[PDB]
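S.K.:
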Amino acid sequence: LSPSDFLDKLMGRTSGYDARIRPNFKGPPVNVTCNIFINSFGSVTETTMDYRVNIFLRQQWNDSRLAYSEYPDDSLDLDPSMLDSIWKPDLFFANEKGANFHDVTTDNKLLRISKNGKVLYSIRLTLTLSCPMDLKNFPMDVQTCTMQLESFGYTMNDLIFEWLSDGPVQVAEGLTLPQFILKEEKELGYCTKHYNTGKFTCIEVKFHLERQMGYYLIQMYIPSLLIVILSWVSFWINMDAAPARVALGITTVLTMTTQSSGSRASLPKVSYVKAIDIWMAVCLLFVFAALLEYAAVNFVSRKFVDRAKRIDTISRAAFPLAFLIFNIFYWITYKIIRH
Amino acid sequence: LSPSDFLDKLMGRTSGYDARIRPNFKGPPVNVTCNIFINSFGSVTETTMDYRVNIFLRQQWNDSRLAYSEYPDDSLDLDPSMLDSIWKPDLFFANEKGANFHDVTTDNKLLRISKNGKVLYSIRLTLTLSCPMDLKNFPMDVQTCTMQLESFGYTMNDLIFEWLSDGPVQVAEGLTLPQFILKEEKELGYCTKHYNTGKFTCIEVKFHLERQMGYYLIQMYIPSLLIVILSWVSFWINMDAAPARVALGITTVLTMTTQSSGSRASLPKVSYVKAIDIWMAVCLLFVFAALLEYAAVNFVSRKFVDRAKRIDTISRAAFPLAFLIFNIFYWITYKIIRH
Amino acid sequence: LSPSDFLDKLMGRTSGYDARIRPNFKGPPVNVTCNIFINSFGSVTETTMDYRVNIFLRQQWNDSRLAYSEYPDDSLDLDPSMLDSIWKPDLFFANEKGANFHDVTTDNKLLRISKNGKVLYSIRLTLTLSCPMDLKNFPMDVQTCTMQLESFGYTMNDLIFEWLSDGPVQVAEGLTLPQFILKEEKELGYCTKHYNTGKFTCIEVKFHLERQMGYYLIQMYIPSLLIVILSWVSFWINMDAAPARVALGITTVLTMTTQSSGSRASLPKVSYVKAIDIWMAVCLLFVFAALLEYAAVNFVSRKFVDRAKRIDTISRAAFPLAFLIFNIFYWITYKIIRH
Amino acid sequence: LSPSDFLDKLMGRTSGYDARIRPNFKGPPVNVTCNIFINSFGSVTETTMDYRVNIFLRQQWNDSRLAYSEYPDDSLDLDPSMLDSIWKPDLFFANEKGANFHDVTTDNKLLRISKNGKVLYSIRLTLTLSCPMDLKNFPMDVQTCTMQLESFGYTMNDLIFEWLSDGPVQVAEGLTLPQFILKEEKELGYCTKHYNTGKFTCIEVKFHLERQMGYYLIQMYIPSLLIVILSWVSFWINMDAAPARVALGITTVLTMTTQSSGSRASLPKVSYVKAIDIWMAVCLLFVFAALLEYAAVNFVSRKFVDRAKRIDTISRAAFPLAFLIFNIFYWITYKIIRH
Amino acid sequence: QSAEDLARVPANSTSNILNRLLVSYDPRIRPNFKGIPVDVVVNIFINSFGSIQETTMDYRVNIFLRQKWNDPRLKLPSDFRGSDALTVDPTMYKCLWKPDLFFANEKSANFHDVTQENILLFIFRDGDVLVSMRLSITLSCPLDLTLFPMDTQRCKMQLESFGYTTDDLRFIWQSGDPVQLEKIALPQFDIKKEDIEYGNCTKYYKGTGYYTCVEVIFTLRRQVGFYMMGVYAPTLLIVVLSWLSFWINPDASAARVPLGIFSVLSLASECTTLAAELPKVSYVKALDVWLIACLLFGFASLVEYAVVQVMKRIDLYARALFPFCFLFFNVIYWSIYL
Ligand SMILES: O=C1C[C@@H]2OCC=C3CN4CC[C@]56c7ccccc7N1[C@H]5[C@H]2[C@H]3C[C@H]46
Ligand SMILES: O=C1C[C@@H]2OCC=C3CN4CC[C@]56c7ccccc7N1[C@H]5[C@H]2[C@H]3C[C@H]46
Ligand SMILES: O=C1C[C@@H]2OCC=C3CN4CC[C@]56c7ccccc7N1[C@H]5[C@H]2[C@H]3C[C@H]46
Ligand SMILES: O=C1C[C@@H]2OCC=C3CN4CC[C@]56c7ccccc7N1[C@H]5[C@H]2[C@H]3C[C@H]46
Ligand SMILES: O=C1C[C@@H]2OCC=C3CN4CC[C@]56c7ccccc7N1[C@H]5[C@H]2[C@H]3C[C@H]46
Ligand SMILES: *[C@@H]1O[C@H](CO)[C@@H](O)[C@H](O)[C@H]1NC(C)=O
Ligand SMILES: *[C@@H]1O[C@H](CO)[C@@H](O)[C@H](O)[C@H]1NC(C)=O
Ligand SMILES: *[C@@H]1O[C@H](CO)[C@@H](O)[C@H](O)[C@H]1NC(C)=O
Ligand SMILES: *[C@@H]1O[C@H](CO)[C@@H](O)[C@H](O)[C@H]1NC(C)=O
Ligand SMILES: *[C@@H]1O[C@H](CO)[C@@H](O)[C@H](O)[C@H]1NC(C)=O
Ligand SMILES: *[C@@H]1O[C@H](CO)[C@@H](O)[C@H](O)[C@H]1NC(C)=O
Ligand SMILES: *[C@@H]1O[C@H](CO)[C@@H](O)[C@H](O)[C@H]1NC(C)=O
Ligand SMILES: *[C@@H]1O[C@H](CO)[C@@H](O)[C@H](O)[C@H]1NC(C)=O
Ligand SMILES: *[C@@H]1O[C@H](CO)[C@@H](O)[C@H](O)[C@H]1NC(C)=O
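Chains as they are written, first to last, in PDB author numbering: chain C, 15 to 316, 383 to 419; chain B, 15 to 316, 383 to 419; chain A, 15 to 316, 383 to 419; chain D, 15 to 316, 383 to 419; chain E, 21 to 331, 449 to 475.
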């Protein structure tokens, strides 16, 4: 007969099947094998510590009550309307902020009952997970964005999740992010919570987002470094030309202050110190030291002009070595040591 | 004898009909023919890689069960409230990030049954699809933003989509985007996803979005180009002058730095080096090189004038030619060979 | 007796009435006299090309199937919950982007039936209507942001919308917009859709918006024009006293570049050339021209001094004429013609 | 028999359970031991004066009519669908702005009725809680954000809330706020809203949000100190150098005022004076005071020649004393006198 | 509807014999039908008042809209004494008539549904029905920020009837403390309970009746301290700097060059940097008048430098005239735009 009528003969109000009771009741816990297939991975914002995904969640399990060997069609499938007549594992995402199904042209979910009792459930969810990023070393950071599936009111001896055998988490092939790159090293583990009541089951997949810094290396480091070079060539050459020296000093400290405090609207607003902020502050300190050493040579000037030019030449030899020492001790620290 | 009660015997209780069984069941597939009519378009954002489109989507398919012969009216339609009494193909959008129908003054859903059996279904959706944008060459790039219709749990031996013959996707005429321009040539074809559970039918459209470049040409390229040309004009004057070239050199440097530091609030906040960042860094490097290779002349001058005169006579032809070879490289790399 | 059962004796199950058959079925079409009454207006956003308006909407039409002369109470009221029993004409705003009702403290609908069958249906909608804007001439422009009301499923052979005679579209008094000023001349018109199915009625209203340039005059026209006059006054000096003339030239070019930077920082994000960016590029070009005049005078001056004073006087007479010709052409083409 | 049918036997149309009246009606109050478990804590803004939290809220209360001793199950669960067939205490957050439940795969409510009468009701809410924060001492402020639960319908004659004994509010380990740092000392107490009808019960928990002044201290404070030092070094030189004093004076005034106006667009947009504004104004005032001291000692040089030198040597020891006195009167009143 | 009974004693049996099963209490027809107008007694209680967006002209506010009227068809019988306030649950909130008010200038209003529904209804002995409901409205008030850093915005909230004229429904305030509010902190403005001025204002909509209405008018005075210690005193300091730059010697020196080229550059880079922080509103605000005046004075300083070096006799007049010419403007501007 028809799959609808045979289905309601199998799982209706009659025939002894309560949806509100788990299969294998008073026995071994069910093994809900679930996997995800993510489509979009966007808006990894730093002002709210979240990221939005749009996944396909497919979970399979067993129940002896939905078994049959009398019907021609081997895998029945019920419409997404009457999904309240089958027990479903009551999972939820342990850290999601906002999340919702999709309802374009139909309900985007599916439930198939195989002949061997294997029940297959597939949803299309949109989630906004919460990942606690740290921007301590900002333009060279590596973030771990996690996603945890968990049960809601079923203990480990009542229900357990476990990932699929092969390919439990797989992204779409053509996705890309504005700032980060989603690496191909995702880690799949268990983080089972040991709460006050019992050990509620939970599984976790963590993605590694690695930030690329071409934009910052072009438009945040190089202008300030060239400004520092100009700050040195101020007093490297112009010995006696004081109006051709004070002007370069004013302009270089002014353009460095403008570069430092007019490029913070394009950086994520946090309050702890970032790497780019340390570098900006050290460049500001260096141009300040350039202007101060000019003023010191001018002070010691007004029988001693040889000592004045000697201090000038010693500073012109010491500033590049000092900046190379800082630059090395910064780059080997942030790029190779903390990575 | 009325179209309110004729349907209650055509597809209601006193009729053999199931809204969960496709026509021609266990036979040939159902050739659903779809076509779109794009009303609005926009919100193309580089931060979340999406774009919002407000479409009239219609799809037609003929079933042998919904055919009448005794009725006087050719095409009768039922209310959208009773849209759970006809099999409708689950047509979901394979790259959406959220969709919703429209229900102003009446729900915007229409289903009309013809006399031979041709069901027509026209709805109005407000999707926000996701096209991955790649801003490698930013002020001159195209964006192939797609739209992927697909079925959800009907393989290609059950359901098959295909476009109309004449004018599948016909965008409205009065469209005007803030950044892009929708090119009037919309590519259209099949994607036909082959998952590990069957071959699922699919049809897709690709729009080409080309940038408008005039605003960046007026406000980014041309002022910096005139700045670097004026910077060459600077060191073309006599060399025996302490404040007469430092002024124009540091003027060019200050204007270049404030230009490149004020333009960082109008670009898309991505973190890989694009075309405009390369062009804004190279001109800054050039005006810095002009100021530095004047300061070196002012150093080396104090027959000691002959070497500085040779340096000036070399540099006066070195800088414009080494700029107009890079200019050729840039405008054949970004405008020509990368299309 | 009471209204709540008189409606059951008029349109209910016992009497003859149908909830999806139009008045005068298979006869002359029904003429819906539609008018609106806006309350709010704003969010005219040029980055998504859509405004938002919060309207009352009154549609009145006659149907003799509700004509009654049974008891003298001549104003029947249906509650806004059993609103699916009467026939009400479908109406969808053919350019909306998302729009919905209001449901605070009650349902915000009303349906009053009169004696002669003329019923009056008033709803309170909020609408995010789409408006294709045009910022070719930004601070001096007009927007013809329109609004259409179209039938959905009923051709012009079955239903016809028409505006009310005595001021169909009204405006709540004291309505201020942050940018525009809504005119008192609103052009009501007969749109008409001629699609492949048939011809569908479509009434429309076109508001005119005028951007008031009072802020742009005080903040971006007067300072730049002042800087152009200052750049004139720079080389208006007679002798070759260097630091004053060089000071004023560098001053004017730095402040003009900073003005251009801030103008990009505050203005709309549109990637085609606007009539404010033309007028900023030209002022930047004129300050470039004055600096180049100084550089040329210095380059020719060490017979030579006579030609130097000659070209200085010629430029001092020619630059005001050039700027006046440009300003005349600019303000006639933007403030006068395209107005 | 089945636990669902046993719930139908225990409460329904068979027994005398009335789901609209409180337990032990016409008698003593019913204490509800409540405890929360926060999962996210973010979006704490200063523009709309509210934060956003994502909690697991749990309530335990005794119900006399829900005891039983003739069933093998030690504690039954209750379906989230048939959950409005029981008494539940109306508990709302008195300072919320937007609050919603979750259902990501199923409803996230869980109701467990014990064998003696204990009832556990656990839900998962997302809340936007309105806390009013002041920024009178901004970059070292400590904001107390409260969450106050209170009854809606019943007074304290009927319903009495109280927190749990051990660990009422817990925090999910690994939280990180963008610009704050949450302290582990949560001060929880009673609230007892005294209204006109009766004293409605009210409990509350106050988190102590502390801010961390890294980005502000490195981006603003240290540049301000350096510019004040440069202003001192300006007139620390002798009067033989007429250019250098006024040059460094204009230099320090400009970099101070542009650091102020560059910081002014990254602070929270409020209208009362913050603690950073007082510092960035007084530092500008002292830089201007040093430059006006230079103007005075140039105005008096028209005790024949030491009338300027004595005042300059007095300033060269009196301005650091003024800055030190301001620092001791600032870093005490903001860092230690407002705890 | 047709269910026989469930209980006889408690506060639900009286509702079952009061409406929807017993004698017809039609919830569609108002009390005193074709008699006198019903008198609804409203009094809001504000819990939150914020997000005054100067780009959309709105403000969000959370109220407790209590409304209490007199229904003689719900006269509680004298069978009991303990049911002085017969509390009906919101499952039957639609089975009794309720006045259909609405906010005539709202934008997107919605209820609250946390852990329960937030509507409480009481039915008293003498027939007085009371409805409290928590509400989260976002009304619209036309902000006119011409006097921007010193302006006072009045924003009003008006309750109205929807379909019931003045001879059918009529709103009156409680007449004792009708608009209360908690301690609330606006980010920029300053709400004050000293001005909470309210009143009736019915509208005469043409053709169809004369609809009732009440309204509250909050007054908000935007505090000025950040702007005064921000873009007022540093900008005035820049202008005073460029004035005092006339005291440097021109004779055989080159150090007035930076004090000019950086004064004008600093004032321009303050003006057009402020131009993004201000509310994006395209008409002349008082702050913009101040900024253009300060830029005119910097331009005047540099053109005075030009005229003294294109023509002792002019500097001594400029130093004593133009810093004295600032004061007249600084008096008339703060007298007009304040
Ligand atoms: O009492 C609680 C609160 C606590 O909330 C943190 C999250 C949890 C997730 N699951 C879902 C509900 C919960 C649970 C199950 C059975 C009784 C009490 C109970 N809970 C929450 C609890 C943990 C564990 C479990
Ligand atoms: O079991 C699955 C998982 C898999 O998820 C990736 C996306 C897919 C696209 N659609 C969505 C529903 C799905 C499907 C149909 C019938 C049985 C199982 C099933 N799903 C997904 C599947 C593919 C193919 C198909
Ligand atoms: O067959 C169609 C598709 C077409 O879609 C573009 C939008 C239109 C808007 N109105 C609403 C529905 C529609 C219509 C009415 C009756 C039969 C078919 C039908 N439509 C759409 C149509 C046009 C015209 C009309
Ligand atoms: O009469 C009132 C009005 C007043 O409104 C401010 C909000 C309050 C919150 N709770 C919820 C409803 C209320 C209440 C309960 C019982 C009778 C009357 C009544 N109210 C509101 C009241 C306060 C106190 C209480
Ligand atoms: O018939 C109408 C249309 C008209 O729309 C402009 C808005 C108005 C606001 N109030 C609320 C609804 C309205 C009204 C009440 C009762 C019957 C009809 C009716 N309306 C609108 C009306 C005015 C007056 C009134
Ligand atoms: C589920 O996992 C448990 C783990 O011990 C195992 O004993 C059982 O056989 C599995 N399969 C079921 C319950 O079908
Ligand atoms: C279900 O039962 C079958 C019985 O053979 C077993 O092989 C399978 O592992 C079980 N689990 C799933 C998820 O199919
Ligand atoms: C659908 O099209 C296919 C062609 O690929 C055809 O074989 C089949 O019969 C068609 N089915 C119907 C119902 O027209
Ligand atoms: C109707 O079905 C028949 C298949 O036998 C064919 O004429 C045609 O493809 C169908 N019409 C459609 C799809 O519009
Ligand atoms: C409606 O408008 C049409 C326009 O042609 C007119 O013929 C007709 O008389 C009008 N009235 C009715 C009731 O159809
Ligand atoms: C509807 O028909 C009646 C017939 O008496 C007429 O008086 C009325 O004006 C008509 N209404 C419209 C809107 O045409
Ligand atoms: C509830 O019942 C338990 C039963 O042991 C008792 O201990 C407790 O005091 C009661 N009250 C509360 C508030 O838990
Ligand atoms: C609730 O708390 C009160 C204390 O106010 C106590 O007297 C009572 O025993 C507790 N339990 C119940 C069930 O009322
Ligand atoms: C308040 O409302 C209107 C406003 O003019 C007025 O007619 C009425 O009498 C006033 N007083 C009341 C309702 O007590």
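Even for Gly, the Cβ is constructed at its ideal location relative to N, Cα and C.
1. Could you compute how far the alpha carbon of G26(C) sits from the alpha carbon of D32(C)?
2. In three-state terms, what does DSSP make of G219(E)?
3. Within this structure, are the beta carbons of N90(E) and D171(E) separated by less than 8 Å?
4. For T269(A) and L141(C), what's the separation of their Cα atoms in angstroms?
5. Might you give, ordered along the chain, the residues of its own chain that have their beta carbon closer than 8 Å to the beta carbon of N130(A), omitting 5 neighbours on each side?
6. Chain C partners of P257(B), CB-CB under 8 Å?
7. CB of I217(A) to nearest heavy atom of ligand 10: below 7 Å?
8. Is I174(A) close to ligand 10? I mean its beta-carbon at under 7 Å from any heavy atom of the ligand.
9. Just by C-beta distance, which residues in the region 262-280 of chain E are closer than 8 Å to chain C?
10. Taking 7 Å as the cut-off, is the beta-carbon of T211(A) closer than that to any non-hydrogen atom of ligand 3?
11. Check whether chain B comes within 8 Å of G212(A), counting only Cβ atoms and requiring the distance to be less than that.
12. Going by Cα to Cα distance, which pick from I251(D), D22(D) and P43(D) is closest to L173(D)?
13. Does DSSP put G181(A) in a helix, a strand or coil?
14. Please report whether the beta-carbon of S128(B) lies at a distance below 8 Å from any beta-carbon of chain C.
15. Judging by CA-CA distance, which residue of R316(D), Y286(D), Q273(D) and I52(D) is the nearest neighbour of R138(D)?
16. I want to verify the contact list: residues of chain B whose CB lies under 9 Å from the CB of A279(C), in sequence order.
17. Could you give the C-beta distance for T160(B) and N109(B), rounded to a whole number, given that I count them as a contact under 8 Å?
18. What are the residues in the region 285-301 of chain B lying within 9 Å of chain C by C-beta distance?
19. Under 7 Å from any heavy atom of ligand 7, does the C-beta of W101(C) make it?
20. Counting only runs of 3+ residues fully inside the region 114-165 of chain C, write out the beta strand (DSSP E) ranges in chain order.
21. Would you please verify whether the beta carbon of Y235(C) is less than 8 Å from any beta carbon of chain B?
22. Between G112(C), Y135(C), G212(C) and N38(C), which lies nearest to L97(C) when the distance is taken from Cα to Cα?
M.R.: Taking the coordinates as given:
1. 9 Å
2. strand
3. no
4. 48 Å
5. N76 and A81
6. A255, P257, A258 and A261
7. no
8. yes
9. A274, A275, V277 and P278
10. yes
11. no
12. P43(D)
13. coil
14. no
15. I52(D)
16. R278 and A279
17. 7 Å
18. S285, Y286, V287, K288, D291, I292, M294, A295, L298 and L299
19. no
20. 123-127 and 132-143
21. no
22. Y135(C)
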